[PDB]
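The next block holds one structure in the form of structure tokens; read it before the comments.
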């Protein structure tokens, strides 16, 4: 049950005025992420739709650092012999990795301003 075009259109329109990482944007994006239960691929699509290449790159770097610390510590469900967290989160049998990816994503995007 992935999102459709209308959901993305509403998500972008409702937060057109606000700035990335504002409390309003964080509310709406967090609700979307917690409601649709998407993988990393869909999150990348959503970010490309919402913010430009500059904000995309900044979030990419911040999320790289956050994932770096998180999975360098060691995580309950992460096994580094199978692939990067971006790929484990895309397997529907690793929901723990998917939820960790979602939370790192939202925190990284909130850490912009």
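Listing for the model above:
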quantity: Filtered residues of segment 15-40 (kept if within 19 Å of residue 112 (Cβ to Cβ) and free of Cβ contacts under 8 Å to residues at least 60 places away in the same chain); calculated: 15, 16, 17, 18, 23, 24, 25, 27, 28, 31, 32
quantity: Hey, residue 12 touching a helix residue (DSSP H, G or I) at 6+ places or on another chain (Cβ under 7 Å) and within 17 Å of residue 109 (Cα to Cα) or not; calculated: yes
quantity: Some residue of segment 54-61 being within 30 Å of residue 93 (Cβ to Cβ), touching a residue at least 60 places away in the same chain (Cβ under 8 Å), surrounded by 12 or more Cβ atoms within 10 Å (Cβ to Cβ) and in contact with a helix residue (DSSP H, G or I) (Cβ under 9 Å, 6 or more places away or on another chain); calculated: no
quantity: Filter result (over 17 Å from residue 33 (Cα atoms) and either touching a residue at least 60 places away in the same chain (Cβ under 8 Å) or surrounded by 15 or more Cβ atoms within 10 Å (Cβ to Cβ) (or both)) within segment 85-97; calculated: 85, 88
quantity: Single match in 47, 43, 112 (criterion: assigned to a loop (DSSP other than H, G, I, E, B), in contact (Cβ under 8 Å) with a residue 60 or more places away in the chain and surrounded by 15 or more Cβ atoms within 10 Å (Cβ to Cβ)); calculated: 112
quantity: Subset of segment 62-84 that is within 13 Å of the chain's Cα centre (by Cα) and surrounded by 14 or more Cβ atoms within 10 Å (Cβ to Cβ) - its residue that is nearest to residue 98 (Cα to Cα); calculated: 67
quantity: Residue 100 vs. criteria free of Cβ contacts under 8 Å to residues at least 40 places away in the same chain, assigned to a helix (DSSP H, G or I), closer than 13 Å to residue 40 by Cβ and touching a helix residue (DSSP H, G or I) at 6+ places or on another chain (Cβ under 8 Å); calculated: yes
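Heads up, the Cβs are rebuilt from the backbone with ideal geometry, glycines too, and the neighbour counts pull from every protein chain shown. Every number here is computed from the coordinates shown, using simple stated rules; none is lab data.
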